[PDB]
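So this block is input11.cif, mmCIF, C-alpha atoms and all ligand atoms; chains and numbers go by the auth columns:
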```
data_entry
loop_
_atom_site.group_PDB
_atom_site.id
_atom_site.type_symbol
_atom_site.label_atom_id
_atom_site.label_comp_id
_atom_site.label_asym_id
_atom_site.label_seq_id
_atom_site.Cartn_x
_atom_site.Cartn_y
_atom_site.Cartn_z
_atom_site.B_iso_or_equiv
_atom_site.auth_seq_id
_atom_site.auth_asym_id
ATOM 1 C CA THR A 1 -16.272 1.264 0.786 0.00 2 J
ATOM 2 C CA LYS A 2 -12.879 -0.273 0.044 0.00 3 J
ATOM 3 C CA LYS A 3 -9.961 0.493 2.336 0.00 4 J
ATOM 4 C CA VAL A 4 -6.355 1.099 1.344 0.00 5 J
ATOM 5 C CA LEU A 5 -3.556 0.835 3.904 0.00 6 J
ATOM 6 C CA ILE A 6 -0.791 3.313 3.039 0.00 7 J
ATOM 7 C CA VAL A 7 2.653 2.500 4.499 0.00 8 J
ATOM 8 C CA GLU A 8 4.822 5.575 3.954 0.00 9 J
ATOM 9 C CA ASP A 9 7.182 7.439 6.286 0.00 10 J
ATOM 10 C CA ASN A 10 7.284 10.686 4.293 0.00 11 J
ATOM 11 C CA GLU A 11 4.536 13.158 5.232 0.00 12 J
ATOM 12 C CA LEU A 12 4.280 14.702 1.766 0.00 13 J
ATOM 13 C CA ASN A 13 3.940 11.355 0.003 0.00 14 J
ATOM 14 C CA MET A 14 1.454 10.097 2.583 0.00 15 J
ATOM 15 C CA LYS A 15 -0.704 13.167 2.032 0.00 16 J
ATOM 16 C CA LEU A 16 -0.608 12.925 -1.752 0.00 17 J
ATOM 17 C CA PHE A 17 -1.584 9.249 -1.681 0.00 18 J
ATOM 18 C CA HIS A 18 -4.350 9.873 0.852 0.00 19 J
ATOM 19 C CA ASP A 19 -5.796 12.823 -1.066 0.00 20 J
ATOM 20 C CA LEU A 20 -5.788 10.948 -4.368 0.00 21 J
ATOM 21 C CA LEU A 21 -7.392 7.828 -2.910 0.00 22 J
ATOM 22 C CA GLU A 22 -10.003 9.708 -0.877 0.00 23 J
ATOM 23 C CA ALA A 23 -11.007 11.647 -4.005 0.00 24 J
ATOM 24 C CA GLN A 24 -11.873 8.287 -5.574 0.00 25 J
ATOM 25 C CA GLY A 25 -14.193 7.443 -2.692 0.00 26 J
ATOM 26 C CA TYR A 26 -11.826 5.120 -0.834 0.00 27 J
ATOM 27 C CA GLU A 27 -11.129 5.076 2.885 0.00 28 J
ATOM 28 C CA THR A 28 -7.507 4.983 3.981 0.00 29 J
ATOM 29 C CA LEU A 29 -5.510 3.565 6.878 0.00 30 J
ATOM 30 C CA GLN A 30 -2.101 5.150 7.474 0.00 31 J
ATOM 31 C CA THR A 31 1.214 4.249 9.074 0.00 32 J
ATOM 32 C CA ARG A 32 4.871 5.179 8.722 0.00 33 J
ATOM 33 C CA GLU A 33 6.209 1.813 9.887 0.00 34 J
ATOM 34 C CA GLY A 34 6.402 -1.676 8.429 0.00 35 J
ATOM 35 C CA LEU A 35 5.734 -3.601 11.643 0.00 36 J
ATOM 36 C CA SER A 36 2.727 -1.448 12.470 0.00 37 J
ATOM 37 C CA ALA A 37 1.394 -2.054 8.959 0.00 38 J
ATOM 38 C CA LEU A 38 1.157 -5.763 9.780 0.00 39 J
ATOM 39 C CA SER A 39 -0.713 -5.053 13.026 0.00 40 J
ATOM 40 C CA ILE A 40 -3.103 -2.664 11.277 0.00 41 J
ATOM 41 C CA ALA A 41 -3.731 -5.123 8.445 0.00 42 J
ATOM 42 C CA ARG A 42 -4.928 -7.825 10.859 0.00 43 J
ATOM 43 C CA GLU A 43 -7.057 -5.362 12.869 0.00 44 J
ATOM 44 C CA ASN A 44 -8.723 -3.754 9.822 0.00 45 J
ATOM 45 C CA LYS A 45 -8.456 -6.148 6.873 0.00 46 J
ATOM 46 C CA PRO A 46 -7.686 -3.549 4.174 0.00 47 J
ATOM 47 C CA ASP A 47 -8.465 -4.334 0.532 0.00 48 J
ATOM 48 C CA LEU A 48 -5.088 -3.163 -0.769 0.00 49 J
ATOM 49 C CA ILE A 49 -1.727 -2.209 0.706 0.00 50 J
ATOM 50 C CA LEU A 50 0.408 0.573 -0.793 0.00 51 J
ATOM 51 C CA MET A 51 3.885 0.137 0.598 0.00 52 J
ATOM 52 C CA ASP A 52 7.008 2.253 0.390 0.00 53 J
ATOM 53 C CA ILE A 53 9.849 -0.187 -0.222 0.00 54 J
ATOM 54 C CA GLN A 54 12.473 2.298 0.975 0.00 55 J
ATOM 55 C CA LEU A 55 11.234 2.678 4.570 0.00 56 J
ATOM 56 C CA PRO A 56 14.028 3.899 6.878 0.00 57 J
ATOM 57 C CA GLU A 57 13.789 1.073 9.413 0.00 58 J
ATOM 58 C CA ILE A 58 12.916 -1.959 7.291 0.00 59 J
ATOM 59 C CA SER A 59 12.635 -3.131 3.690 0.00 60 J
ATOM 60 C CA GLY A 60 9.085 -3.079 2.363 0.00 61 J
ATOM 61 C CA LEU A 61 9.825 -6.341 0.587 0.00 62 J
ATOM 62 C CA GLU A 62 10.541 -8.066 3.895 0.00 63 J
ATOM 63 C CA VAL A 63 7.237 -6.742 5.235 0.00 64 J
ATOM 64 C CA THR A 64 5.544 -8.120 2.114 0.00 65 J
ATOM 65 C CA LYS A 65 7.065 -11.531 2.870 0.00 66 J
ATOM 66 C CA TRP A 66 5.437 -11.568 6.306 0.00 67 J
ATOM 67 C CA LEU A 67 2.146 -10.578 4.661 0.00 68 J
ATOM 68 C CA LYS A 68 2.294 -13.421 2.146 0.00 69 J
ATOM 69 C CA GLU A 69 3.182 -15.909 4.898 0.00 70 J
ATOM 70 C CA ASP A 70 0.030 -15.014 6.850 0.00 71 J
ATOM 71 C CA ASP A 71 -3.084 -16.935 5.756 0.00 72 J
ATOM 72 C CA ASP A 72 -5.387 -14.029 6.615 0.00 73 J
ATOM 73 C CA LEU A 73 -3.329 -11.392 4.798 0.00 74 J
ATOM 74 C CA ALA A 74 -1.823 -13.231 1.813 0.00 75 J
ATOM 75 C CA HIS A 75 -4.766 -12.422 -0.499 0.00 76 J
ATOM 76 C CA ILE A 76 -4.400 -8.657 -0.063 0.00 77 J
ATOM 77 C CA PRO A 77 -2.805 -7.082 -3.146 0.00 78 J
ATOM 78 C CA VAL A 78 0.371 -5.130 -2.438 0.00 79 J
ATOM 79 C CA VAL A 79 1.490 -2.217 -4.610 0.00 80 J
ATOM 80 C CA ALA A 80 5.113 -1.208 -4.090 0.00 81 J
ATOM 81 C CA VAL A 81 6.156 2.445 -4.158 0.00 82 J
ATOM 82 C CA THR A 82 9.725 3.071 -5.327 0.00 83 J
ATOM 83 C CA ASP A 83 13.018 -2.854 -8.906 0.00 90 J
ATOM 84 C CA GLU A 84 10.223 -4.059 -11.184 0.00 91 J
ATOM 85 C CA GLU A 85 11.718 -7.558 -11.099 0.00 92 J
ATOM 86 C CA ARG A 86 12.522 -7.700 -7.382 0.00 93 J
ATOM 87 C CA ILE A 87 9.125 -6.263 -6.453 0.00 94 J
ATOM 88 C CA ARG A 88 7.286 -8.816 -8.597 0.00 95 J
ATOM 89 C CA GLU A 89 9.324 -11.723 -7.233 0.00 96 J
ATOM 90 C CA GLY A 90 8.708 -10.268 -3.784 0.00 97 J
ATOM 91 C CA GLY A 91 4.960 -10.791 -3.934 0.00 98 J
ATOM 92 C CA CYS A 92 3.826 -7.344 -5.056 0.00 99 J
ATOM 93 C CA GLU A 93 1.132 -7.120 -7.737 0.00 100 J
ATOM 94 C CA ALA A 94 2.392 -3.843 -9.169 0.00 101 J
ATOM 95 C CA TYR A 95 4.885 -1.030 -8.732 0.00 102 J
ATOM 96 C CA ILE A 96 4.656 2.755 -8.836 0.00 103 J
ATOM 97 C CA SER A 97 7.670 5.049 -9.196 0.00 104 J
ATOM 98 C CA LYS A 98 8.211 8.646 -8.082 0.00 105 J
ATOM 99 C CA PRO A 99 7.710 11.267 -9.335 0.00 106 J
ATOM 100 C CA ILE A 100 4.407 9.418 -9.618 0.00 107 J
ATOM 101 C CA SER A 101 1.952 9.806 -12.481 0.00 108 J
ATOM 102 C CA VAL A 102 -1.458 10.494 -10.931 0.00 109 J
ATOM 103 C CA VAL A 103 -3.325 8.602 -13.649 0.00 110 J
ATOM 104 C CA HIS A 104 -0.919 5.638 -13.714 0.00 111 J
ATOM 105 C CA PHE A 105 -1.149 5.442 -9.920 0.00 112 J
ATOM 106 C CA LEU A 106 -4.954 5.540 -9.815 0.00 113 J
ATOM 107 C CA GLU A 107 -5.388 3.202 -12.793 0.00 114 J
ATOM 108 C CA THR A 108 -3.121 0.637 -11.128 0.00 115 J
ATOM 109 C CA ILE A 109 -4.984 0.781 -7.821 0.00 116 J
ATOM 110 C CA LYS A 110 -8.443 0.751 -9.401 0.00 117 J
ATOM 111 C CA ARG A 111 -7.619 -2.255 -11.598 0.00 118 J
ATOM 112 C CA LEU A 112 -6.734 -4.291 -8.507 0.00 119 J
ATOM 113 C CA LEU A 113 -9.576 -2.991 -6.295 0.00 120 J
ATOM 114 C CA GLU A 114 -12.474 -2.648 -8.727 0.00 121 J
ATOM 115 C CA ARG A 115 -13.057 -6.104 -10.173 0.00 122 J
ATOM 116 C CA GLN A 116 -16.128 -8.335 -10.136 0.00 123 J
ATOM 117 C CA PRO A 117 -16.350 -11.174 -7.566 0.00 124 J
HETATM 118 MG MG MG B . 10.706 6.360 2.341 0.00 201 J
#
```
Let's see the structure in the file written out as structure tokens.
Amino acid sequence: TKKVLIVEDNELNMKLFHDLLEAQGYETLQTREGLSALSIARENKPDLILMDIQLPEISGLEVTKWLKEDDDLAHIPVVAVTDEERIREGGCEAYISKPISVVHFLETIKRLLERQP
């Protein structure tokens, strides 16, 4: 079972993302803070990180920089939730905007998570 770490401070968004991912058979890890996301990523080794760029305490792009600078976390694909240019240059594999399209969201995640070795 693949694990997705969701970094989102808003309760409603966190719940939507969790529900959608769980319905696909994925397990989720959850946090509202950027620094904690880094700690959780090392402790659990998620397969993908969904990160809200507009966190209240820190920029998601700065958190992504720390991720890419860590040899054990750099390979984990990061999908930004919000730009397209900044996010790409920031190290994120894809971007999802709100109001989010359920199918676009799931297709994006699945394409990154469900590939052959
Ligand atoms: Mg936010």
Quick one: residues within 9 Å of ligand MG 201 (chain J), with all atoms listed in the file, as a PDB file with C-alpha atoms, in the frame of the given file?
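New file result-v1.pdb:
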```pdb
ATOM      1  CA  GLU J   9       4.822   5.575   3.954  1.00  0.00           C
ATOM      2  CA  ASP J  10       7.182   7.439   6.286  1.00  0.00           C
ATOM      3  CA  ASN J  11       7.284  10.686   4.293  1.00  0.00           C
ATOM      4  CA  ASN J  14       3.940  11.355   0.003  1.00  0.00           C
ATOM      5  CA  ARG J  33       4.871   5.179   8.722  1.00  0.00           C
ATOM      6  CA  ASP J  53       7.008   2.253   0.390  1.00  0.00           C
ATOM      7  CA  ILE J  54       9.849  -0.187  -0.222  1.00  0.00           C
ATOM      8  CA  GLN J  55      12.473   2.298   0.975  1.00  0.00           C
ATOM      9  CA  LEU J  56      11.234   2.678   4.570  1.00  0.00           C
ATOM     10  CA  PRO J  57      14.028   3.899   6.878  1.00  0.00           C
ATOM     11  CA  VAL J  82       6.156   2.445  -4.158  1.00  0.00           C
ATOM     12  CA  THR J  83       9.725   3.071  -5.327  1.00  0.00           C
TER      13      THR J  83
END
```
Closest atom pairs, residues of region 32-100 of chain J within 9 Å of region 3-7 of chain J, all atoms listed in the file, as JSON lines:
```
{"residue": "J:32", "atom": "CA", "partner": "J:7", "partner_atom": "CA", "distance": 6.4}
{"residue": "J:33", "atom": "CA", "partner": "J:7", "partner_atom": "CA", "distance": 8.2}
{"residue": "J:38", "atom": "CA", "partner": "J:6", "partner_atom": "CA", "distance": 7.6}
{"residue": "J:41", "atom": "CA", "partner": "J:6", "partner_atom": "CA", "distance": 8.2}
{"residue": "J:42", "atom": "CA", "partner": "J:6", "partner_atom": "CA", "distance": 7.5}
{"residue": "J:45", "atom": "CA", "partner": "J:4", "partner_atom": "CA", "distance": 8.7}
{"residue": "J:46", "atom": "CA", "partner": "J:4", "partner_atom": "CA", "distance": 8.2}
{"residue": "J:47", "atom": "CA", "partner": "J:4", "partner_atom": "CA", "distance": 5.0}
{"residue": "J:48", "atom": "CA", "partner": "J:4", "partner_atom": "CA", "distance": 5.4}
{"residue": "J:49", "atom": "CA", "partner": "J:5", "partner_atom": "CA", "distance": 4.9}
{"residue": "J:50", "atom": "CA", "partner": "J:6", "partner_atom": "CA", "distance": 4.8}
{"residue": "J:51", "atom": "CA", "partner": "J:7", "partner_atom": "CA", "distance": 4.9}
{"residue": "J:52", "atom": "CA", "partner": "J:7", "partner_atom": "CA", "distance": 6.2}
{"residue": "J:53", "atom": "CA", "partner": "J:7", "partner_atom": "CA", "distance": 8.3}
```
Of the residues J:29, J:43, J:119, J:114, which is the one nearest to residue 100 (chain J), using only C-alpha atoms?
->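 Of J:29, J:43, J:119, J:114, the one nearest residue 100 (chain J) is J:119, counting only C-alpha atoms.
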Between CA of residue 17 (chain J) and CA of residue 73 (chain J) lies a distance of 28.6 Å
So what do you get for CA of residue 121 (chain J) versus CA of residue 60 (chain J), distance-wise?
-> 28.0 Å
With distances taken over only C-alpha atoms, which of J:18, J:71, J:13, J:31 is nearest to residue 103 (chain J)?
->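 Closest candidate: J:18.
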Quote the spacing between CA of residue 101 (chain J) and CA of residue 80 (chain J) in Å to one decimal place.
->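 Those two atoms sit 4.9 Å apart.
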Go through the shown structure with the PyMOL selection byres (((chain J and resi 99) around 7) and not hetatm) and write out the matching residues as JSON, numbers by chain.
-> {"J": [78, 79, 80, 81, 94, 95, 97, 98, 100, 101]}
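Comparing J:22, J:64, J:107, J:15 by their smallest distance to residue 120 (chain J), the closest is J:22 (using all atoms listed in the file).
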Kindly complete region 29-55 of chain J to N, CA, C and O atoms; the output should be written as a PDB file, in the frame of the given file.
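Ended up saving to selection-v8.pdb:
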```pdb
ATOM      1  N   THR J  29      -8.908   5.338   3.836  1.00  0.00           N
ATOM      2  CA  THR J  29      -7.507   4.983   3.981  1.00  0.00           C
ATOM      3  C   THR J  29      -7.106   4.736   5.426  1.00  0.00           C
ATOM      4  O   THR J  29      -7.704   5.279   6.358  1.00  0.00           O
ATOM      5  N   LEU J  30      -6.099   3.885   5.586  1.00  0.00           N
ATOM      6  CA  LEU J  30      -5.510   3.565   6.878  1.00  0.00           C
ATOM      7  C   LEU J  30      -4.071   4.010   6.630  1.00  0.00           C
ATOM      8  O   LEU J  30      -3.541   3.825   5.528  1.00  0.00           O
ATOM      9  N   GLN J  31      -3.438   4.591   7.641  1.00  0.00           N
ATOM     10  CA  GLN J  31      -2.101   5.150   7.474  1.00  0.00           C
ATOM     11  C   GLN J  31      -1.088   4.798   8.546  1.00  0.00           C
ATOM     12  O   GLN J  31      -1.407   4.804   9.732  1.00  0.00           O
ATOM     13  N   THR J  32       0.140   4.509   8.127  1.00  0.00           N
ATOM     14  CA  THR J  32       1.214   4.249   9.074  1.00  0.00           C
ATOM     15  C   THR J  32       2.551   4.518   8.411  1.00  0.00           C
ATOM     16  O   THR J  32       2.687   4.396   7.192  1.00  0.00           O
ATOM     17  N   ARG J  33       3.535   4.897   9.222  1.00  0.00           N
ATOM     18  CA  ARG J  33       4.871   5.179   8.722  1.00  0.00           C
ATOM     19  C   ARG J  33       5.800   3.988   8.901  1.00  0.00           C
ATOM     20  O   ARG J  33       6.917   4.003   8.392  1.00  0.00           O
ATOM     21  N   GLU J  34       5.344   2.957   9.602  1.00  0.00           N
ATOM     22  CA  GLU J  34       6.209   1.813   9.887  1.00  0.00           C
ATOM     23  C   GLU J  34       5.742   0.448   9.391  1.00  0.00           C
ATOM     24  O   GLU J  34       4.555   0.122   9.427  1.00  0.00           O
ATOM     25  N   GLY J  35       6.704  -0.351   8.937  1.00  0.00           N
ATOM     26  CA  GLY J  35       6.402  -1.676   8.429  1.00  0.00           C
ATOM     27  C   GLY J  35       5.762  -2.625   9.431  1.00  0.00           C
ATOM     28  O   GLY J  35       4.782  -3.297   9.114  1.00  0.00           O
ATOM     29  N   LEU J  36       6.305  -2.704  10.640  1.00  0.00           N
ATOM     30  CA  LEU J  36       5.734  -3.601  11.643  1.00  0.00           C
ATOM     31  C   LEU J  36       4.309  -3.205  12.007  1.00  0.00           C
ATOM     32  O   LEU J  36       3.442  -4.061  12.175  1.00  0.00           O
ATOM     33  N   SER J  37       4.065  -1.907  12.140  1.00  0.00           N
ATOM     34  CA  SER J  37       2.727  -1.448  12.470  1.00  0.00           C
ATOM     35  C   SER J  37       1.761  -1.754  11.329  1.00  0.00           C
ATOM     36  O   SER J  37       0.580  -1.999  11.562  1.00  0.00           O
ATOM     37  N   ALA J  38       2.257  -1.748  10.095  1.00  0.00           N
ATOM     38  CA  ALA J  38       1.394  -2.054   8.959  1.00  0.00           C
ATOM     39  C   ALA J  38       0.801  -3.456   9.108  1.00  0.00           C
ATOM     40  O   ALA J  38      -0.368  -3.685   8.800  1.00  0.00           O
ATOM     41  N   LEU J  39       1.613  -4.392   9.586  1.00  0.00           N
ATOM     42  CA  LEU J  39       1.157  -5.763   9.780  1.00  0.00           C
ATOM     43  C   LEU J  39       0.060  -5.815  10.846  1.00  0.00           C
ATOM     44  O   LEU J  39      -0.966  -6.474  10.664  1.00  0.00           O
ATOM     45  N   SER J  40       0.270  -5.100  11.948  1.00  0.00           N
ATOM     46  CA  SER J  40      -0.713  -5.053  13.026  1.00  0.00           C
ATOM     47  C   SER J  40      -2.024  -4.446  12.530  1.00  0.00           C
ATOM     48  O   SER J  40      -3.105  -4.958  12.816  1.00  0.00           O
ATOM     49  N   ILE J  41      -1.923  -3.343  11.796  1.00  0.00           N
ATOM     50  CA  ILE J  41      -3.103  -2.664  11.277  1.00  0.00           C
ATOM     51  C   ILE J  41      -3.851  -3.521  10.258  1.00  0.00           C
ATOM     52  O   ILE J  41      -5.080  -3.507  10.205  1.00  0.00           O
ATOM     53  N   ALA J  42      -3.109  -4.270   9.449  1.00  0.00           N
ATOM     54  CA  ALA J  42      -3.731  -5.123   8.445  1.00  0.00           C
ATOM     55  C   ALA J  42      -4.595  -6.221   9.074  1.00  0.00           C
ATOM     56  O   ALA J  42      -5.657  -6.557   8.548  1.00  0.00           O
ATOM     57  N   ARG J  43      -4.151  -6.780  10.198  1.00  0.00           N
ATOM     58  CA  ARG J  43      -4.928  -7.825  10.859  1.00  0.00           C
ATOM     59  C   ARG J  43      -6.152  -7.233  11.557  1.00  0.00           C
ATOM     60  O   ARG J  43      -7.221  -7.842  11.570  1.00  0.00           O
ATOM     61  N   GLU J  44      -5.986  -6.044  12.137  1.00  0.00           N
ATOM     62  CA  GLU J  44      -7.057  -5.362  12.869  1.00  0.00           C
ATOM     63  C   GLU J  44      -8.150  -4.754  11.986  1.00  0.00           C
ATOM     64  O   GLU J  44      -9.303  -4.639  12.409  1.00  0.00           O
ATOM     65  N   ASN J  45      -7.786  -4.362  10.770  1.00  0.00           N
ATOM     66  CA  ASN J  45      -8.723  -3.754   9.822  1.00  0.00           C
ATOM     67  C   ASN J  45      -9.032  -4.453   8.504  1.00  0.00           C
ATOM     68  O   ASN J  45      -9.990  -4.080   7.823  1.00  0.00           O
ATOM     69  N   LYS J  46      -8.228  -5.437   8.123  1.00  0.00           N
ATOM     70  CA  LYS J  46      -8.456  -6.148   6.873  1.00  0.00           C
ATOM     71  C   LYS J  46      -8.629  -5.203   5.676  1.00  0.00           C
ATOM     72  O   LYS J  46      -9.708  -5.127   5.079  1.00  0.00           O
ATOM     73  N   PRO J  47      -7.570  -4.459   5.315  1.00  0.00           N
ATOM     74  CA  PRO J  47      -7.686  -3.549   4.174  1.00  0.00           C
ATOM     75  C   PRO J  47      -7.830  -4.339   2.872  1.00  0.00           C
ATOM     76  O   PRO J  47      -7.527  -5.533   2.824  1.00  0.00           O
ATOM     77  N   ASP J  48      -8.287  -3.673   1.820  1.00  0.00           N
ATOM     78  CA  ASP J  48      -8.465  -4.334   0.532  1.00  0.00           C
ATOM     79  C   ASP J  48      -7.223  -4.259  -0.346  1.00  0.00           C
ATOM     80  O   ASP J  48      -7.072  -5.037  -1.290  1.00  0.00           O
ATOM     81  N   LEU J  49      -6.331  -3.329  -0.028  1.00  0.00           N
ATOM     82  CA  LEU J  49      -5.088  -3.163  -0.769  1.00  0.00           C
ATOM     83  C   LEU J  49      -4.074  -2.467   0.127  1.00  0.00           C
ATOM     84  O   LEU J  49      -4.442  -1.659   0.987  1.00  0.00           O
ATOM     85  N   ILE J  50      -2.802  -2.799  -0.068  1.00  0.00           N
ATOM     86  CA  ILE J  50      -1.727  -2.209   0.706  1.00  0.00           C
ATOM     87  C   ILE J  50      -0.752  -1.519  -0.244  1.00  0.00           C
ATOM     88  O   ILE J  50      -0.267  -2.129  -1.201  1.00  0.00           O
ATOM     89  N   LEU J  51      -0.509  -0.236   0.002  1.00  0.00           N
ATOM     90  CA  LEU J  51       0.408   0.573  -0.793  1.00  0.00           C
ATOM     91  C   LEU J  51       1.619   0.668   0.114  1.00  0.00           C
ATOM     92  O   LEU J  51       1.589   1.353   1.138  1.00  0.00           O
ATOM     93  N   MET J  52       2.732   0.064  -0.279  1.00  0.00           N
ATOM     94  CA  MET J  52       3.885   0.137   0.598  1.00  0.00           C
ATOM     95  C   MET J  52       5.208   0.637   0.045  1.00  0.00           C
ATOM     96  O   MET J  52       5.739   0.123  -0.940  1.00  0.00           O
ATOM     97  N   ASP J  53       5.735   1.647   0.724  1.00  0.00           N
ATOM     98  CA  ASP J  53       7.008   2.253   0.390  1.00  0.00           C
ATOM     99  C   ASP J  53       8.088   1.217   0.677  1.00  0.00           C
ATOM    100  O   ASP J  53       8.260   0.779   1.815  1.00  0.00           O
ATOM    101  N   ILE J  54       8.800   0.811  -0.365  1.00  0.00           N
ATOM    102  CA  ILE J  54       9.849  -0.187  -0.222  1.00  0.00           C
ATOM    103  C   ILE J  54      11.039   0.370   0.553  1.00  0.00           C
ATOM    104  O   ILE J  54      11.650  -0.332   1.360  1.00  0.00           O
ATOM    105  N   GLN J  55      11.349   1.641   0.319  1.00  0.00           N
ATOM    106  CA  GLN J  55      12.473   2.298   0.975  1.00  0.00           C
ATOM    107  C   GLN J  55      12.158   2.909   2.342  1.00  0.00           C
ATOM    108  O   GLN J  55      12.495   4.067   2.584  1.00  0.00           O
TER     109      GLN J  55
END
```
